[PDB]
Each structure stands twice: as C-alpha cells, then as structure tokens.
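What follows is one structure encoded as structure tokens, with my remarks underneath.
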Amino acid sequence: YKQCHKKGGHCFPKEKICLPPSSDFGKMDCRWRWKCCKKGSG
C-alpha cells in the first residue's frame with residue numbers, strides 16, 4: 001500500500017507464482033516474510 005502501490009501490487013506469501021513472471025518484489029510494505037507482486041502485461 002505505501003511503497004509497493006507506486007509500482008502497483010498486492011501482498012502475497014512467499015510461495016505462490018507472480019504471473020506474468022517479471023515484477024516480483026521482495027520485502028516492500030508487506031510483513032516480514034511476505035512479498036508484493038505486480039504483473040507485466042496480462
């Protein structure tokens with residue numbers, strides 16, 4: 001919501017696929033062990 005939203009993404013745990021496989025962010029403004037995901041074009 002804070003850092004990731006400028007790019008445009010939602011938080012998901014550290015295990016699922018961020019599809020398309022391009023913009024997967026690490027520790028953004030999620031919690032300690034979760035990540036933020038954004039698509040490319042799809």
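Going through the structure tokens in order, the chains are called A, B, and so on, while each chain numbers its residues from 1 and the ligands are numbered from 1 in the order shown.
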Fill in: Spatial neighbours of residue 6 of chain A, max dist 12 Å, only C-alpha atoms, sep filter under 2 positions, as number ranges by chain
A: 1-4, 8-10, 28-29, 36, 38
Practice prompt. Tell me which protein, DNA and RNA residues are within 9 Å of residue 33 of chain A, counting only C-alpha atoms, leaving out same-chain ones fewer than 3 positions away, and put them as JSON, numbers by chain.
Written response: {"A": [13, 14, 27, 30]}
Next, write the just-selected residues to a file, as a PDB file, in the first residue's frame, keeping N, CA and C atoms as the atom set.
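Result written to result-v3.pdb:
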ATOM      1  N   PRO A  13       1.978 -14.305   0.187  1.00  0.00           N
ATOM      2  CA  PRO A  13       3.035 -15.016   0.912  1.00  0.00           C
ATOM      3  C   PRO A  13       4.225 -15.401   0.030  1.00  0.00           C
ATOM      4  N   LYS A  14       5.250 -15.965   0.654  1.00  0.00           N
ATOM      5  CA  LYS A  14       6.470 -16.295  -0.089  1.00  0.00           C
ATOM      6  C   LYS A  14       6.419 -17.740  -0.587  1.00  0.00           C
ATOM      7  N   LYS A  27      10.766  -7.697   0.139  1.00  0.00           N
ATOM      8  CA  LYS A  27      10.157  -7.024   1.291  1.00  0.00           C
ATOM      9  C   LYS A  27       9.817  -5.585   0.908  1.00  0.00           C
ATOM     10  N   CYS A  30       4.969  -5.126   2.944  1.00  0.00           N
ATOM     11  CA  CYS A  30       4.224  -6.271   3.476  1.00  0.00           C
ATOM     12  C   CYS A  30       4.793  -6.602   4.862  1.00  0.00           C
TER      13      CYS A  30
END
Practice prompt. Report as a list in words: the residues of segment 9-41 of chain A with a DSSP assignment of strand (DSSP E), based on the backbone of this structure.
Written response: residues 10, 11, 12, 13, 23, 24, 25, 34, 35, 36, 37 and 38 of chain A
Go ahead and write the residues just picked, C-alpha atoms, as an mmCIF file, in the first residue's frame.
data_model
loop_
_atom_site.group_PDB
_atom_site.id
_atom_site.type_symbol
_atom_site.label_atom_id
_atom_site.label_comp_id
_atom_site.auth_asym_id
_atom_site.auth_seq_id
_atom_site.Cartn_x
_atom_site.Cartn_y
_atom_site.Cartn_z
ATOM 1 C CA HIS A 10 -0.666 -6.554 -3.659
ATOM 2 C CA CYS A 11 0.938 -8.603 -0.880
ATOM 3 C CA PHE A 12 1.049 -12.390 -1.087
ATOM 4 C CA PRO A 13 3.035 -15.016 0.912
ATOM 5 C CA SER A 23 7.868 -7.948 -11.441
ATOM 6 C CA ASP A 24 8.058 -9.851 -8.161
ATOM 7 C CA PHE A 25 9.056 -7.525 -5.319
ATOM 8 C CA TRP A 34 5.634 -11.910 2.697
ATOM 9 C CA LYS A 35 6.183 -10.193 -0.662
ATOM 10 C CA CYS A 36 4.469 -7.846 -3.149
ATOM 11 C CA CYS A 37 3.532 -8.850 -6.717
ATOM 12 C CA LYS A 38 2.816 -6.928 -9.920
#
Worksheet entry | DSSP alpha helix (DSSP H) residues within chain A, listed as number ranges by chain | A: 3-7
Give me a file of those residues, with C-alpha atoms, as a PDB file, in the first residue's frame.
ATOM      1  CA  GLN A   3       5.948   1.578  -1.088  1.00  0.00           C
ATOM      2  CA  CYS A   4       4.529  -1.072  -3.426  1.00  0.00           C
ATOM      3  CA  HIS A   5       1.484   0.924  -4.570  1.00  0.00           C
ATOM      4  CA  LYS A   6       3.603   3.442  -6.537  1.00  0.00           C
ATOM      5  CA  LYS A   7       4.515   0.481  -8.757  1.00  0.00           C
TER       6      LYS A   7
END
Practice prompt. Find the residues around residue 40 of chain A up to 10 Å (only C-alpha atoms counted), leave out those fewer than 5 positions away in its own chain, and share them as a ChimeraX atom specification.
Written response: /A:18-24
Write a file of the just-selected residues containing C-alpha atoms, as a PDB file, in the first residue's frame.
ATOM      1  CA  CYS A  18       3.689 -13.876  -9.506  1.00  0.00           C
ATOM      2  CA  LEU A  19       2.366 -14.082 -13.064  1.00  0.00           C
ATOM      3  CA  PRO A  20       3.448 -12.910 -15.549  1.00  0.00           C
ATOM      4  CA  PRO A  21       6.972 -13.789 -14.338  1.00  0.00           C
ATOM      5  CA  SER A  22       8.639 -10.391 -14.262  1.00  0.00           C
ATOM      6  CA  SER A  23       7.868  -7.948 -11.441  1.00  0.00           C
ATOM      7  CA  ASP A  24       8.058  -9.851  -8.161  1.00  0.00           C
TER       8      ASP A  24
END
